[PDB]
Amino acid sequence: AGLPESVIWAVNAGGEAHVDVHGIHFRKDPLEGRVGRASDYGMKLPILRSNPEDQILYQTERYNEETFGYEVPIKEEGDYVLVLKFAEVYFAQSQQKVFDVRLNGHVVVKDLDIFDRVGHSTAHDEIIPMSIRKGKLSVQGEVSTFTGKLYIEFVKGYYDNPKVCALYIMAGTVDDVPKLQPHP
């Protein structure tokens, strides 16, 4: 299946519906008024590296002072890729905001420091392949029982607050995923 048809689930965190230049529909945030805090602070800033028609994805966020996450229903077995989109719109030094990302308890991004990787007011994406087969979730060489639901968690550590800007899941493998331009 082509790109839009292969997307099963997609969210614009802290924001409203938006269709990107590839035809992907990022839905309005399902956690509005429920878990965490929305912020549109970045809407005053140009976002580097991103396509300019799609900056609104990175200008809006959900963050929290305690651990929080999204629950995702998955209806069929197969190969999938999770894409997570971030930007740092407040700090401009390393070791100011740092946090882990977990999937069904497996640590899939350790010590994420958005500023250290890309700078201030600049797009950064994490790309995570996975497989769901024979009643099991497989990610980064680890395996556990799958019940029908994925839980995507942003973990509170010692350095400021965990956050996310947008996220989607597509059927396929990593060679099918659009990549951000080389940044440095």
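Residue positions are given as counts along the sequence shown, with the first one as 1.
Novice: Using only C-alpha atoms and the B-factors in the entry, which stretch averages higher, 91 to 99 or 74 to 82?
Specialist: Higher of the two, by average CA B-factor, is 74 to 82.
Novice: Comparing 112 to 120 with 40 to 48, which has the greater mean CA B-factor as deposited?
Specialist: Stretch with the higher mean C-alpha B-factor: 40 to 48.
Novice: Using the entry's values, work out which of 133, 62, 156, 28 has the largest Cα B factor.
Specialist: Max CA B-factor in the entry, restricted to 133, 62, 156, 28: 133.
Novice: Classify residue 66 as lowest, middle or highest third according to the C-alpha B-factor given in the PDB entry, relative to its own chain.
Specialist: Residue 66: CA B-factor falls in the middle third of its chain.
Novice: For residue 18, does the deposited CA B-factor place it in the lowest, middle or highest third of the chain?
Specialist: Its C-alpha B-factor belongs to the middle third of this chain's values.
Novice: Using the B-factor values recorded in the entry, state whether the Cα atom of residue 164 falls in the lowest, middle or highest third among the modelled residues of its chain.
Specialist: It belongs to the lowest third of the chain when residues are ordered by C-alpha B-factor.
Novice: Pull the Cα B-factor of residue 170 out of the PDB entry and bin it into the chain's lowest, middle or highest third.
Specialist: It falls in the middle third of the chain.
Novice: Ranked by Cα temperature factor within the chain, is residue 35 in the lowest third, the middle third or the highest third?
Specialist: For residue 35, whose C-alpha B-factor we compare with every modelled residue in the chain, the answer is the highest third.
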